[PDB]
Amino acid sequence: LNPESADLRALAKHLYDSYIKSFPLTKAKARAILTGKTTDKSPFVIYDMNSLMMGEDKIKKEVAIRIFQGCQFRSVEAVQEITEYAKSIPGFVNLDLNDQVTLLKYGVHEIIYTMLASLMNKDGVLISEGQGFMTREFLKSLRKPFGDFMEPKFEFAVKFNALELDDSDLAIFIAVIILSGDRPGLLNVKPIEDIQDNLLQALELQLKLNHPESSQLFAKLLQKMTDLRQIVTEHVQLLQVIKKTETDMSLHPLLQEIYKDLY
Amino acid sequence: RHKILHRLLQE
Ligand SMILES: */C(=C(/C#N)C(=O)N[C@H]1CCC[C@H]1OCc1cccc(CNC(=O)c2ccc(CN3CCN(C)CC3)cc2)c1)C(C)(C)C
């Protein structure tokens, strides 16, 4: 087709390459691990407290807290990977640095739950870069309110995963999320919306080309962008509850930066 | 005031 199309194809490919470089465990590998369609060693399954201790070998006082703390190391690395990815989005590093911060601050969580779905099925979630598989029931079973953290992310994941997106689709979708002009406290919305308009066009063409039999995939996917915001708000409230009722725990400083005055 | 994010972004 035309040279306008062609620029949008080139953007899609640029984002896809950069996605591949930024994120070690892609949805492609993750699904191979989960279906069994890779033929190398399976993940160690963690379904109860006993399996958790036994698995402490192959993944890196009270268990809920131990899982909480390990989840922080992973989040912090996710934020790092997402930041590197954002910096590859054409036009992003030319924005006001304060606006770059605001976009990441609000966007990283929504991207994290988007990409966590790649790691999930209805029964559990790959952890520790595909080496562990932690069951959904086990996570529900954890003592309140820790058993509340993951279940909404599973419910989201099961519906989101039905769209059958691949990495090349997700690369553009996540760039769309980051370049949201309606984040609180943005100084200069116009250059952000100019980039997002382009990304959205690129997303729409990608979905028509890559899923030509699947009409209104573009519209279904845009509606999930609001589901992601609900997950985030509910997640931050649970985090507030924990911060009050588990006085002893400490939150990693990167995560403090992000969650602050977003509570 | 987002000192880590500032550092990650300028890196
Ligand atoms: C952590 C969950 C598990 N397992 C988890 O959330 N567990 C909760 C129940 C008991 C401890 C609780 O931890 C909550 C928590 C603490 C600190 C930070 C966060 C951030 N929320 C996430 O749900 C989260 C962070 C990071 C990822 C990593 N993922 C990998 C690749 N990137 C590109 C996408 C994101 C996923 C979710 C929650 C995890 C095992 C999920 C880390």
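Note that chain A is numbered according to Swiss-Prot, with residues 232-291, 303-505 shown in order.
Going by what the header records, the deposited coordinates were determined by X-ray crystallography, 2.2 Å.
Cβ atoms are placed via backbone N, Cα and C, with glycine included.
Look at Swiss-Prot and you will find A:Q314, A:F315, A:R316, A:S317, A:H351, A:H477, A:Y501 tagged as rosiglitazone binding site. Counted within 10 Å of its Cβ, the other Cβ atoms near A:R316 (rosiglitazone binding site) come to 14, all protein chains included.
Sequence annotations record features per position, and here Swiss-Prot assigns ubiquitin cross-link to A:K252. Long-range neighbours of A:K252 (ubiquitin cross-link) (same chain, six or more residues apart, CB within less than 8 Å of its CB): A:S330. Taken residue by residue with DSSP, A:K252 (ubiquitin cross-link) is part of a helix.
Residues annotated as motif '9aaTAD' in Swiss-Prot, with experimental evidence given as evidence: A:495-503. According to DSSP, the motif '9aaTAD' (A:495-503) comprises 7 helix, 0 strand, 2 coil.
11 residues are missing from the deposited coordinates between A:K291 and A:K303, whose CA atoms sit 16 angstrom from each other. Sorted by the number of other CB atoms within 10 A, the binding-site residues A:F315, A:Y501 start with A:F315, the lowest.
Least crowded of the binding-site residues (A:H351, A:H477), judged by neighbouring Cβ atoms within 10 Å of its own Cβ: A:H477.
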